[PDB]
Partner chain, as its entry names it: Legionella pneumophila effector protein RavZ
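Below you'll find only one chain, the form deposited without its partner chain, shown as structure tokens.
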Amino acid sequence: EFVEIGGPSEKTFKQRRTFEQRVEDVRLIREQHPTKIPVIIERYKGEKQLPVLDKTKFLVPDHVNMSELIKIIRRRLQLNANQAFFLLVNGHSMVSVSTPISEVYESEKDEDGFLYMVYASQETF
């Protein structure tokens, strides 16, 4: 007899900032921190198992590969080692990927210059 007092939809980062403001966000980041990759990380709109992350905008060291990134996110989310978790960039899963993040950044960053990612407890939808 719990009643779901559902609040608003969470707005995405794209929905909360204009194109112009994001670009200039990236411009500033990149002169101020040339070794760090700017990355938006968000939880999947229908996610039923995984917790919400504290923050959304991230700087990621250029030297980190995708598969160490994944563990950092699970560590920051405080997950069981056994929990199911997937990180997606432009529809593709990162399980299969041990390439450096500077490399992923240049192939998959959005036109505004942020690299976008969504995490979920499912790999397809």
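Residue numbers count along the first chain shown, from 1. The term rigid core refers to the most C-alpha atoms you can superpose between the two forms while keeping them within 1.5 Å. Shifts are known only where both forms have a C-alpha.
Q: So 97-105 or 112-120, which one's hotter by mean CA B-factor in the entry?
A: Averaging CA B-factors over each stretch, the winner is 97-105.
Q: With respect to the recorded C-alpha B factors, which stretch has the higher mean value, 68-76 or 46-54?
A: Per the PDB entry, the higher value belongs to 46-54.
Not pictured, yet referred to below: the form deposited with its partner chain bound.
Q: Looking at the partner-bound form in the entry with it bound, is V97 within 4.5 Å of its partner chain by any heavy atom?
A: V97: yes, in contact with its partner chain in the entry with it bound.
Q: Output the sequence-ordered list of residues from 60-91 with at least one heavy atom within 4.5 Å of its partner chain in the entry with it bound.
A: Heavy-atom contacts to its partner chain in the entry with it bound: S67, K71, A81, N82.
Q: Align on the core first; then indicate which of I41, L88, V97, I70 has a CA shift of 2 angstroms or more between this form and the one not shown.
A: The residue that shifts is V97.
Q: Relative to the form shown here, do the C-alpha atoms of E108 and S93 sit closer together or farther apart in the entry with it bound, given a change of 3 Å or more?
A: Here the pair is farther apart than in the entry with it bound; there, closer.
Q: Fit on the rigid core and then flag the segments of at least 3 consecutive residues whose Cα positions all differ by 2 Å or more between this form and the one not shown.
A: Moving stretch: 90-97 alone.
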